[PDB]
Structures are given as C-alpha cells and as structure tokens.
Amino acid sequence: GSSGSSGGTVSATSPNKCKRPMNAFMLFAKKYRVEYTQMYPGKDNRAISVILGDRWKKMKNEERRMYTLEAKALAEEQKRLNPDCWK
C-alpha cells in the first residue's frame with residue numbers, strides 16, 4: 001500500500017523520525033554520516049551535511065550509482081514490507 005500524495009500549502013520544516021524512503025543521497029549522507037562525525041569533530045551537524053552534499057555534486061555518475069540502484073531496491077522493498085500504508 002502507498003500513501004503520501006502532494007501536500008497543501010506545506011513549507012519546509014524538516015521533521016524527525018519521519019516515515020519516508022531511503023533515496024540515493026539519503027544512503028550517502030547516512031553511510032557517510034559518522035564517517036565525517038569522527039573526521040570533523042570540531043564542526044557541527046549542520047556542517048557535516050553541507051559538506052556531504054558537496055561530495056555528491058563532485059562525484060561521478062558511477063560513483064553515485066552505488067547509492068542510486070542500492071537505494072532503489074530499498075525504495076521498492078520498503079513498500080512490500082509496509083503493505084498497510086494509508087497515511
């Protein structure tokens with residue numbers, strides 16, 4: 001089951017513990033989350049993210065494929081595991 005059509009006059013709030021899928025970038029910023037958390041302890045979380053994106057923009061087409069295809073499987077599987085999705 002699927003659910004979560006377009007919104008209505010909704011702005012950017014950036015909630016937490018949401019119930020969204022794991023897109024390509026998501027797998028990157030995540031898989032590389034702690035990677036920068038220990039490499040850049042002097043920086044803040046808000047910075048760790050900004051830097052992460054930069055790498056995704058500098059990377060190549062194949063360098064991102066690892067997350068593109070990978071995330072895809074998760075984007076489809078997650079739907080199978082959650083057949084009861086009305087929200």
# chains A, B, ... in the order shown; residues from 1 in each chain; ligands from 1

call {"tool": "residues_around", "arguments": {"residues": "residue A:46", "least_positions_apart": "5", "cutoff": "12 Å", "atoms": "only C-alpha atoms", "output": "ChimeraX atom specification"}}
result
/A:29,33,36-37,40,51-53

call {"tool": "write_last_selection", "arguments": {"atoms": "N, CA and C atoms", "output": "compact mmCIF listing (two decimals), in the first residue's frame"}}
result
# COMPACT_ATOMS: atom_id res chain seq x y z
N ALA A 29 24.56 10.43 2.58
CA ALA A 29 24.68 11.27 3.77
C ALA A 29 24.64 10.44 5.04
N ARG A 33 27.68 9.51 7.20
CA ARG A 33 27.35 10.36 8.34
C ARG A 33 28.45 10.32 9.39
N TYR A 36 32.12 11.40 8.78
CA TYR A 36 32.55 12.78 8.95
C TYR A 36 32.39 13.23 10.40
N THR A 37 31.56 12.50 11.15
CA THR A 37 31.32 12.82 12.55
C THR A 37 32.59 12.68 13.38
N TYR A 40 35.50 15.17 11.46
CA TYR A 40 35.32 16.59 11.72
C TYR A 40 34.53 16.82 13.01
N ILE A 51 28.76 19.60 3.81
CA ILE A 51 29.96 19.01 3.21
C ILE A 51 29.62 17.74 2.43
N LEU A 52 28.74 16.93 3.00
CA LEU A 52 28.33 15.68 2.37
C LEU A 52 27.80 15.93 0.96
N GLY A 53 26.83 16.83 0.85
CA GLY A 53 26.25 17.15 -0.45
C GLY A 53 27.31 17.52 -1.47

call {"tool": "residues_around", "arguments": {"residues": "stretch 4-16 of chain A", "least_positions_apart": "3", "cutoff": "9 Å", "atoms": "only C-alpha atoms", "output": "list in words"}}
result
residues 19, 85, 86 and 87 of chain A

call {"tool": "select_by_dssp", "arguments": {"residues": "stretch 3-52 of chain A", "states": "alpha helix (DSSP H)", "output": "ChimeraX atom specification"}}
result
/A:24-31,33-39,45-52

call {"tool": "write_last_selection", "arguments": {"atoms": "N, CA and C atoms", "output": "PDB file, in the first residue's frame"}}
result
ATOM      1  N   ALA A  24      18.767   7.886  -2.863  1.00  0.00           N
ATOM      2  CA  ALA A  24      20.195   7.738  -3.116  1.00  0.00           C
ATOM      3  C   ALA A  24      21.015   8.589  -2.152  1.00  0.00           C
ATOM      4  N   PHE A  25      20.800   9.900  -2.197  1.00  0.00           N
ATOM      5  CA  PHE A  25      21.520  10.823  -1.329  1.00  0.00           C
ATOM      6  C   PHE A  25      21.411  10.394   0.131  1.00  0.00           C
ATOM      7  N   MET A  26      20.206  10.010   0.540  1.00  0.00           N
ATOM      8  CA  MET A  26      19.968   9.576   1.912  1.00  0.00           C
ATOM      9  C   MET A  26      20.964   8.496   2.322  1.00  0.00           C
ATOM     10  N   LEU A  27      21.167   7.520   1.443  1.00  0.00           N
ATOM     11  CA  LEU A  27      22.094   6.427   1.713  1.00  0.00           C
ATOM     12  C   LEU A  27      23.527   6.940   1.805  1.00  0.00           C
ATOM     13  N   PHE A  28      23.812   8.022   1.088  1.00  0.00           N
ATOM     14  CA  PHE A  28      25.144   8.613   1.090  1.00  0.00           C
ATOM     15  C   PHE A  28      25.383   9.411   2.368  1.00  0.00           C
ATOM     16  N   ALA A  29      24.561  10.433   2.582  1.00  0.00           N
ATOM     17  CA  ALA A  29      24.681  11.274   3.767  1.00  0.00           C
ATOM     18  C   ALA A  29      24.643  10.438   5.041  1.00  0.00           C
ATOM     19  N   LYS A  30      23.986   9.285   4.967  1.00  0.00           N
ATOM     20  CA  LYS A  30      23.877   8.392   6.114  1.00  0.00           C
ATOM     21  C   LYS A  30      25.110   7.503   6.232  1.00  0.00           C
ATOM     22  N   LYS A  31      25.388   6.742   5.179  1.00  0.00           N
ATOM     23  CA  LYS A  31      26.542   5.849   5.163  1.00  0.00           C
ATOM     24  C   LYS A  31      27.830   6.620   5.429  1.00  0.00           C
ATOM     25  N   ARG A  33      27.677   9.513   7.202  1.00  0.00           N
ATOM     26  CA  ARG A  33      27.349  10.364   8.340  1.00  0.00           C
ATOM     27  C   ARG A  33      28.453  10.316   9.392  1.00  0.00           C
ATOM     28  N   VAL A  34      28.534   9.199  10.107  1.00  0.00           N
ATOM     29  CA  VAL A  34      29.546   9.026  11.142  1.00  0.00           C
ATOM     30  C   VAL A  34      30.950   9.202  10.575  1.00  0.00           C
ATOM     31  N   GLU A  35      31.111   8.870   9.297  1.00  0.00           N
ATOM     32  CA  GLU A  35      32.404   8.991   8.635  1.00  0.00           C
ATOM     33  C   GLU A  35      32.988  10.387   8.832  1.00  0.00           C
ATOM     34  N   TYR A  36      32.124  11.395   8.782  1.00  0.00           N
ATOM     35  CA  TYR A  36      32.553  12.778   8.951  1.00  0.00           C
ATOM     36  C   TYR A  36      32.391  13.226  10.401  1.00  0.00           C
ATOM     37  N   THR A  37      31.564  12.501  11.148  1.00  0.00           N
ATOM     38  CA  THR A  37      31.319  12.820  12.548  1.00  0.00           C
ATOM     39  C   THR A  37      32.591  12.677  13.376  1.00  0.00           C
ATOM     40  N   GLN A  38      33.439  11.729  12.990  1.00  0.00           N
ATOM     41  CA  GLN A  38      34.691  11.491  13.697  1.00  0.00           C
ATOM     42  C   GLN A  38      35.847  12.219  13.018  1.00  0.00           C
ATOM     43  N   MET A  39      35.706  12.459  11.718  1.00  0.00           N
ATOM     44  CA  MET A  39      36.739  13.148  10.953  1.00  0.00           C
ATOM     45  C   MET A  39      36.693  14.651  11.209  1.00  0.00           C
ATOM     46  N   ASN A  45      26.777  19.350  13.192  1.00  0.00           N
ATOM     47  CA  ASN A  45      25.959  18.508  12.325  1.00  0.00           C
ATOM     48  C   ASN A  45      25.539  19.267  11.070  1.00  0.00           C
ATOM     49  N   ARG A  46      25.085  20.502  11.256  1.00  0.00           N
ATOM     50  CA  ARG A  46      24.650  21.332  10.139  1.00  0.00           C
ATOM     51  C   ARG A  46      25.744  21.435   9.080  1.00  0.00           C
ATOM     52  N   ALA A  47      26.995  21.330   9.517  1.00  0.00           N
ATOM     53  CA  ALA A  47      28.130  21.409   8.607  1.00  0.00           C
ATOM     54  C   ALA A  47      28.400  20.062   7.945  1.00  0.00           C
ATOM     55  N   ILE A  48      28.317  18.995   8.732  1.00  0.00           N
ATOM     56  CA  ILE A  48      28.551  17.649   8.223  1.00  0.00           C
ATOM     57  C   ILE A  48      27.674  17.362   7.008  1.00  0.00           C
ATOM     58  N   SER A  49      26.457  17.894   7.026  1.00  0.00           N
ATOM     59  CA  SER A  49      25.518  17.693   5.928  1.00  0.00           C
ATOM     60  C   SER A  49      25.935  18.501   4.702  1.00  0.00           C
ATOM     61  N   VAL A  50      26.184  19.790   4.908  1.00  0.00           N
ATOM     62  CA  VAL A  50      26.593  20.673   3.822  1.00  0.00           C
ATOM     63  C   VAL A  50      27.784  20.097   3.064  1.00  0.00           C
ATOM     64  N   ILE A  51      28.764  19.595   3.808  1.00  0.00           N
ATOM     65  CA  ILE A  51      29.956  19.014   3.206  1.00  0.00           C
ATOM     66  C   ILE A  51      29.619  17.743   2.433  1.00  0.00           C
ATOM     67  N   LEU A  52      28.739  16.927   3.001  1.00  0.00           N
ATOM     68  CA  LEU A  52      28.328  15.680   2.366  1.00  0.00           C
ATOM     69  C   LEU A  52      27.800  15.935   0.957  1.00  0.00           C
TER      70      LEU A  52
END

call {"tool": "atom_distance", "arguments": {"atom1": "atom CA of residue A:1", "atom2": "atom CA of residue A:84"}}
result
5.4 Å

call {"tool": "atom_distance", "arguments": {"atom1": "atom CA of residue A:54", "atom2": "atom CA of residue A:73"}}
result
24.6 Å

call {"tool": "atom_distance", "arguments": {"atom1": "atom CA of residue A:76", "atom2": "atom CA of residue A:21"}}
result
8.8 Å

call {"tool": "residues_around", "arguments": {"residues": "residue A:23", "least_positions_apart": "4", "cutoff": "8 Å", "atoms": "only C-alpha atoms", "output": "JSON, numbers by chain"}}
result
{"A": [27, 68, 71, 72, 75]}

call {"tool": "closest_residue", "arguments": {"among": "A:42, A:58, A:2, A:32", "to": "residue A:20", "atoms": "only C-alpha atoms"}}
result
A:2
